[PDB]
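Working notes, structure below.
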Amino acid sequence: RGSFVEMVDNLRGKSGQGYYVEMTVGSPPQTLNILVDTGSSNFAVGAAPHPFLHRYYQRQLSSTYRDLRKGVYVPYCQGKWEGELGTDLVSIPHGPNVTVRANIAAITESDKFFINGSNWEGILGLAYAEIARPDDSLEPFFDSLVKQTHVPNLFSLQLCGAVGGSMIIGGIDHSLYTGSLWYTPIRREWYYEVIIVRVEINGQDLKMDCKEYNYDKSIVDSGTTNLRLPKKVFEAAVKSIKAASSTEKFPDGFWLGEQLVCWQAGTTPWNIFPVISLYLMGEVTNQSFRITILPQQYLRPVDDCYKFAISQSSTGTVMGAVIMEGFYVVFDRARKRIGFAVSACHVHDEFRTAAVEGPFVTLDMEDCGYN
Ligand SMILES: O=C(NCCCS)[C@@H]1CN(Cc2ccc(F)cc2)CCN1
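Under mature numbering (1 follows the signal peptide of the UniProt record, and there is no 0), read the sequence shown as residues 36 to 197, 210 to 349, 357 to 425, first letter to last.
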């Protein structure tokens, strides 16, 4: 019921390279840094000596390894990872005090997957069984843990920008947030699908159809760095963000994310940039709430230099790290909902803060969902 002091501050990482938790697999225990991904469902770790890996999973040294003798080929964004399915004992050192037998994909070959210089050697798919590869019978890591232990079906994430954060498996830690929690319901249990009902740029309605905001789907994805928006939605968003930041003019390639914009030390004009507010469907009927991010969230540090961290998506809305770095996100799996509250560690200036406010009266919210 709080406070979960052991789990606090268990996530590490670098800007735009994902957040990883320390895990052990097999016996004797092999320590491996594993990226936290709520956009996938597969637990997959490096098993072959790839150039970018400092270390990997050695199946011959585990006396609790079991081969399933089944191959799997999984595509990611620009590349793909190909591996062999099996099972072993898994634990999280800075997590709950338990050990579980779980399905592990031993990554034997990968094309454009492992990031150079990054400290993680694997991926922890925390989404539901439906999108798990090869199919919906390969039980995802989190589902095993709940079934094999007394750990409640719930986990929360707090990603702090500049990089580190907290993954709390089993409960809600109060030291990690301020104000109140507002819950948007999960529509379907595959990705963590949510419904956006309205979008504002400095309190300026985009006047778009709410179904366009969720075109294909709207998901909360810890794996994804940037904030991703459908082609039509991305167009209007950049237009308004360009409109609000009129005072200074930026090269035309900056808005696509290809270019780098810089200012003198400290003198970063945060006030020139607008705030983005995403209204999400409430639990009550005809009720919603808005979540608000600052430029400190969508301008990613790389003189101080930043890259416009909002990109276009042909796969739907992806509320990635950019959105998540401003809040304390509770994935309340057992109650089919996702909670939002202002992050205690989120980056801000003296004059503006990230916000979560409600309730707001909104009609015809079901129509925002896509089929
Ligand atoms: O998701 C991203 N952006 C969308 C790219 C267009 S498909 C990546 C995330 N990446 C870390 C990572 C890498 C592998 C992974 F399985 C999960 C997360 C850092 C760079 N951006």
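Beta carbons are placed, not taken as given, at the ideal position from N, Cα and C, and that holds for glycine.
Judged by DSSP secondary structure, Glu117 falls within the beta strand (DSSP E) whose first and last residues are 115-126.
The residue from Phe176, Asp170, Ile150 with its alpha-carbon nearest to that of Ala162 is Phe176.
Within the DSSP bridge table, the entry for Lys147 names no partner. Here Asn249 is near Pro321, since their CB atoms are less than 8 Å apart. A distance criterion of 7 Å places the beta-carbon of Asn273 in contact range of ligand 1, judged by its closest non-hydrogen atom. Distance from the CA of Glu295 to the CA of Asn318, rounded to the nearest whole angstrom, comes to 12 Å. DSSP places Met378 within a helical segment (H, G or I) once states are collapsed to three.
Just measuring C-alpha positions, the residue of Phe39, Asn45, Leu46, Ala137 sitting nearest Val80 is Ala137. In this structure, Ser153 places its C-beta atom within 8 Å of the C-beta atom of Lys49. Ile323 and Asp252 have their C-alpha atoms some 10 Å from each other.
For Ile392, the enclosing beta strand (DSSP E) stretches over residues 391-396.
The residue among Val396, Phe39, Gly412, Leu46 with its C-alpha nearest the C-alpha of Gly226 is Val396. Every beta strand (DSSP E) stretch that sits fully inside the region 220-264 and reaches 3 residues is listed by chain position as 229-232, 243-248.
For the pair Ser287 and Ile242, the Cα-to-Cα distance works out to about 22 Å. Contact between the region 257-271 and the region 331-346 is not established, with fewer than three Cβ pairs separated by less than 8 Å. For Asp44, the CB stays at least 7 Å from every heavy atom of ligand 1. DSSP places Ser367 within a strand segment (E or B) once states are collapsed to three.
Ligand 1 has a heavy atom closer than 7 Å to the beta-carbon of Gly51. Here DSSP, grouped into helix, strand and coil, assigns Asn318 to helix.
Inclusion of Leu70 in the 7 Å shell around ligand 1 follows from its C-beta lying nearer than that to a non-hydrogen atom of the ligand. Fewer than three beta-carbon pairs drawn from the region 101-110 and the region 51-69 are found closer than 8 Å, and the two stretches are therefore not classed as touching. In this structure the region 190-197 does not lie against the region 138-146, because fewer than three pairs of beta carbons, one per stretch, are closer than 8 Å. Under the Cβ criterion (8 Å, minimum of three pairs), the region 379-393 counts as touching the region 221-240. In the DSSP assignment, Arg101 forms a beta bridge with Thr122. Taking non-hydrogen atoms of ligand 1 into account, the C-beta of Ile166 is found less than 7 Å away from none of them.
In the three-state scheme derived from DSSP, where H, G and I count as helix and E and B as strand, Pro348 is classed as strand.
Here the C-alpha atom of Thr416 lies approximately 18 Å from the C-alpha atom of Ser265. Bounds of the alpha helix (DSSP H) holding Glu282 are 278-291. With a contact defined as Cβ atoms closer than 8 Å, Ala141 and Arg90 miss out at about 14 Å.
Residue pairing of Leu192 in beta bridges, as defined by DSSP: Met214, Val383.
Separation of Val135 and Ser179 (C-alpha to C-alpha, rounded to the nearest whole angstrom) is 7 Å. With contacts defined by Cβ atoms closer than 8 Å, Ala284 and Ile377 do not form a contacting pair.
Distance from the CA of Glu379 to the CA of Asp418, rounded to the nearest whole angstrom, comes to 30 Å.
Taking C-beta separations shorter than 7 Å and ignoring five residues to either side along the sequence, the partners of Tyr92 in its chain run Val60, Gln65, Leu67, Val80, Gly81, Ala82, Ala141, following chain order. One Cα belongs to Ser368, the other to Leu96, and the distance between them is close to 43 Å. Cβ-Cβ distances below 6 Å link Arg245 to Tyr326 in the same chain, with the five nearest sequence neighbours on each side left out; the list follows chain order.
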